[PDB]
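Report on the following structure.
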Amino acid sequence: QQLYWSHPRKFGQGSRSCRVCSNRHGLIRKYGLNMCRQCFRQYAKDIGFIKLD
Amino acid sequence: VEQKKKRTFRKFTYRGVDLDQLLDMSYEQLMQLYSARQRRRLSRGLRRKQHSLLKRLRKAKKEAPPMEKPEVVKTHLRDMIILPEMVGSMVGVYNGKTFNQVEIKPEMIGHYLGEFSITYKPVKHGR
Amino acid sequence: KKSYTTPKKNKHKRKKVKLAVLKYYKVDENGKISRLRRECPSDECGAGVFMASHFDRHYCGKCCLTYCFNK
Amino acid sequence: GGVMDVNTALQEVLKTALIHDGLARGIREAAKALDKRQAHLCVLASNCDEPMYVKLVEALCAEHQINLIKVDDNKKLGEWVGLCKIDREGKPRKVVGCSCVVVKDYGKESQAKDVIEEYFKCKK
Amino acid sequence: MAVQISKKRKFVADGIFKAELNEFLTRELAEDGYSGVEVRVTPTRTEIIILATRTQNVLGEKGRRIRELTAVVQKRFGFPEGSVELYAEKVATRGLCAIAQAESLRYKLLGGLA
Amino acid sequence: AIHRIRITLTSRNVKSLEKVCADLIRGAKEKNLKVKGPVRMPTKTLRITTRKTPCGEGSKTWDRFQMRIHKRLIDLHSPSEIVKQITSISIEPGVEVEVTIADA
Amino acid sequence: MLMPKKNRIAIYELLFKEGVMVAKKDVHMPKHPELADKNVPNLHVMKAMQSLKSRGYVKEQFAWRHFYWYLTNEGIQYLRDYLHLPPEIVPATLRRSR
Amino acid sequence: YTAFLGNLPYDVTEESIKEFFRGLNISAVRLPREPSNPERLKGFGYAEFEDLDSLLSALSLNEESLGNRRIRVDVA
RNA sequence: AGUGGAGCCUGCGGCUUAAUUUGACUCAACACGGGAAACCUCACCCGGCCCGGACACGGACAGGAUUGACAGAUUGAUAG
């Protein structure tokens, strides 16, 4: 008999998480990433970003 | 445990509105009148669905005889600035561990309930 | 382990111990039903539904939290 | 059409209308149903405990398309309705009564829903 | 470009479809000896071409599995009907296909051999 | 009648972008359109700064990935239908080619 | 577990006639995709399927906080019998001859 | 154009396909079989063709079983 | 060119806290885990719903298992 299992979460770092896991502290939002900074390190090959210098 | 010329030797305006007139006022006026932090609480917070507690605030004030304070009105919220209809209630203010019951007076108008309830020590170190 | 635990008694559920659900019509020779503890008309209501005659609040159960007579 | 037996078609009508979810199984759904013309069949039992429960349904029956056939054994009718998944030792939902029900909306085709609907026009 | 996502965002968003597809078909098409995918942008057709060393499990029987292998890809990842047309790819060499080999060695190490 | 059609080319692979831009300029003159040429719009360097060390006790190791997209447009004073007809065919992979009715 | 074999059969049939079922997991979510139980957190879209899954009959694949029920040949035969439909329906897993 | 296969049943290739998938001539097809002595039923090989008069049969003669294998004529 | 000194910042030790969540300890813990967290989050504390016991088996059970709620008691929550 649920009434409350959620709260409006649009604000700050208490609102979102990673996309393959749940994580805070470095959720990069730029250009539609929605990844935490640590899981995406494993995933950087399929995208097209690269480090040559 | 009620309005002006009682629990107030600290007289005229707390922020720009006299508590003597304010207890004859409504708080829909007070958010308009010289209460910017309360205004951001009463216009943007805007009667923030604590109504069952707000009923209980007016229930326990009604259920207790008016020459005495209300029985118990506990809140979890501590972000509540005292309204002129609130004045008189013995409001249990929760600090995340404990409910702190505060009778709220003409002087305390404009102050949050987390300003009378504490979440923090007057820090000791063996001090 | 933060602070929250609880016991349970069907505090986790509800039973409302016996639930005296509709059995209630004054039955004459067959066939005619008579109104016992007030019949409620609504569109969410069906055509047999009754009220929690909880007097001064007469709560129709097929109504959600409403239609309560105060007489 | 067809020439099937009435009670074993009263079995499958209670089986199909259970599948139709709207076999008003028990008096609460029934008094909500049999006070409506959604009710198109009402197979009663004669072995209902406190057979004013029969009369309760009989008082509900005579309005909104009167339907009065009477079988025995609520537990058979409860099996005919379907709560018990018959072929076991026992069930999570094993054999208990559905004493009087209301078949809203026969809802299917031939003999098993057609014989008694012929018969409930032949009886009524 | 107006009014879509940015051209900066678009070439970001191109690999985002690539990563979630390859991770998922690592989880399921490893039974094919998962060498990878090949999503070919063709007109009116998303030519997905499944690189594998056992392409006898991509259709199932009579194209059975493709109509649920596409129905994962075509329905979840935004494709209309007739767009995701599945294609096999039985790669010619497999000993130059370490992805399928560390797959296949895992059929000898986790699968069981000394 | 002619219709000045922009052919915007966006890619991240330059020599893939160059081999398709060679196809568009020649094929517009192979079957006659305007031929105008590669108006080299500047590349966009998408640089993102990341942590190289997760659970980063030790040394602050910063890692930056860049991704370079490459824009150019080809405005063609040429009849509207057969601008997009000759160009947009026969190039499926690798390079986005955007023929454009605008700049009319 | 609530929500009976009317809302469960909305999830049961929708797996069967397609060949695939999709859903999402979050507590601040509420909705699942594909004609679902209509703004609910991760339950009966999944829990009717989880009931069927722990009996077999389906392969619930998973990737990126998202579930991929794979209609196996037993659930092709099961929900054939469960919906009392005639024993060949071609449940949109057989339609193309490749 | 080749029809790559993961198995290819008993009419495998190497003058088992010179009259079965098509009628028009081919260059050469590798199979892992030594297709004269064992008469072994095995498929891990391929099928190379010229694609002039070969496409009409094998896309209706895919998905099949001459023995107990499954011909995947996916053309590329 | 400074730091350390100064004020303050942040991180940490320590203490303190009901909680001051946790990772780390020369280089290779220490304005470090883009760690600018209000509550939300949150780990932590102090409290509450709810079950996510799905399924294999079995029992309650259509007379009501369960649901829903008036309104009251309750409570941070008239949150059946």
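Note: ideal-geometry Cβ built from the backbone for every residue, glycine included; neighbour counts use all protein chains shown. Each reported figure results from applying straightforward, stated rules to the coordinates on display, with no laboratory input.
Taking E:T46 as the residue in question, decide whether it is under 21 Å from G:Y68 (Cα atoms), within 14 Å of chain A (Cβ to nearest Cβ) and in contact with a strand residue (DSSP E or B) (Cβ under 6 Å, 6 or more places away or on another chain).
So E:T46 fails the test.
Pick from H:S57, H:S16, H:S27, H:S36: which is out of contact with any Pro (no Cβ under 6 Å at 6 or more places or on another chain) and not in a loop (DSSP other than H, G, I, E, B)?
One residue alone meets the criteria, H:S57.
Which of the residues that make up the stretch D:50-99 are within 14 Å of chain C (Cβ to nearest Cβ), in a loop (DSSP other than H, G, I, E, B) and closer than 18 Å to D:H40 by Cβ?
D:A62, D:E63, D:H64, D:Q65, D:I66, D:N67, D:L68
Scan the stretch D:7-44 for residues that are over 12 Å from the mean Cα position of the chain (by Cα), more than 9 Å from chain C (Cβ to nearest Cβ) and assigned to a helix (DSSP H, G or I) and jot them down.
Across the stretch D:7-44, the qualifying residue is only D:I19.
Tally up the residues in the stretch F:27-77 that are assigned to a strand (DSSP E or B) and either within 13 Å of RNA strand I (Cβ to nearest atom) or away from chain A (no Cβ under 14 Å) (or both), please.
20
When only residues in the stretch E:72-114 that are of a type in the set (S, T, N, Q) and away from chain H (no Cβ under 14 Å) count, which is farthest from H:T2 (Cα to Cα)? Spell out the reasoning first.
Here is the first cut: in the stretch E:72-114, the residues of a type in the set (S, T, N, Q) are E:74, E:83, E:93, E:101, E:104.
Those left that are additionally away from chain H (no Cβ under 14 Å): E:74, E:83, E:101.
Values: E:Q74: 27, E:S83: 23, E:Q101: 24 Å.
Within the stretch E:72-114, the match that is farthest from H:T2 (Cα to Cα) is E:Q74.
Name the residues in the stretch D:25-64 that are touching a residue at least 12 places away in the same chain (Cβ under 8 Å), of a type in the set (G, A, S) and more than 8 Å from RNA strand I (Cβ to nearest atom), would you?
Hits for the stretch D:25-64 are D:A31, D:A33, D:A39, D:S46.
Quick one: in the stretch G:67-98, which of the residues that are of a type in the set (S, T, Y) and not in a helix (DSSP H, G or I) is farthest from the other protein chains (Cβ to nearest Cβ)?
Checked the stretch G:67-98; the qualifying residue farthest from the other protein chains (Cβ to nearest Cβ) is G:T72.
Kindly indicate which of C:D56, C:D43, C:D28 is surrounded by fewer than 15 Cβ atoms within 10 Å (Cβ to Cβ), more than 8 Å from RNA strand I (Cβ to nearest atom), farther than 23 Å from D:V54 by Cα and not basic (K, R).
Only one candidate qualifies: C:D43.
Mind listing whichever residues of the stretch F:4-26 are under 23 Å from A:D53 (Cβ atoms) and within 14 Å of chain A (Cβ to nearest Cβ)? Let's see the steps before the verdict.
Initially, the stretch F:4-26 is screened for residues under 23 Å from A:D53 (Cβ atoms), giving F:11-18.
Of everything in the stretch F:4-26, those that are under 23 Å from A:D53 (Cβ atoms) and within 14 Å of chain A (Cβ to nearest Cβ) turn out to be F:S11, F:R12, F:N13, F:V14, F:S16, F:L17.
Go through chain A residue by residue and tally those that are within 8 Å of RNA strand I (Cβ to nearest atom) and outside any loop (DSSP other than H, G, I, E, B).
2
Conditions tested, residue by residue: (1) basic (K, R); (2) within 16 Å of RNA strand I (Cβ to nearest atom); (3) without any contact (Cβ under 8 Å) to a residue 12 or more places away in the chain; (4) surrounded by fewer than 17 Cβ atoms within 10 Å (Cβ to Cβ).
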| residue | (1), (2), (3), (4) |
| --- | --- |
| B:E63 | no, yes, yes, yes |
| B:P70 | no, yes, no, no |
| B:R78 | yes, yes, no, no |
| B:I82 | no, no, no, no |
| B:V91 | no, yes, no, no |
| B:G96 | no, yes, no, yes |
| B:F99 | no, yes, no, yes |
| B:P106 | no, no, no, no |
| B:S117 | no, yes, no, no |
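If you go through the stretch H:45-57 one residue at a time, how many are closer than 21 Å to E:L51 by Cβ and either in contact with a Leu (Cβ under 8 Å, 6 or more places away or on another chain) or crowded, with 20+ Cβ neighbours inside 10 Å (or both)?
Of all residues in the stretch H:45-57, those closer than 21 Å to E:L51 by Cβ come to H:45-48.
Then drop every residue that is not either in contact with a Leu (Cβ under 8 Å, 6 or more places away or on another chain) or crowded, with 20+ Cβ neighbours inside 10 Å (or both), which leaves H:45-47.
So the count comes out to 3.
Among D:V101, D:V96, D:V115, which is surrounded by 14 or more Cβ atoms within 10 Å (Cβ to Cβ), within 7 Å of RNA strand I (Cβ to nearest atom) and among the hydrophobic types (A, V, I, L, M, F, W, C)?
Result of the check over D:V101, D:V96, D:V115: D:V101.
Take the residues of the stretch F:64-93 that are of a type in the set (S, T, Y) and under 24 Å from F:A104 (Cα atoms): which is surrounded by the fewest Cβ atoms within 10 Å (Cβ to Cβ)?
F:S88
Considering (1) more than 14 Å from chain C (Cβ to nearest Cβ); (2) near RNA strand I (Cβ under 7 Å from one of its atoms), say which one D:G107 fails and leave the rest.
The number of the failed condition is (2).
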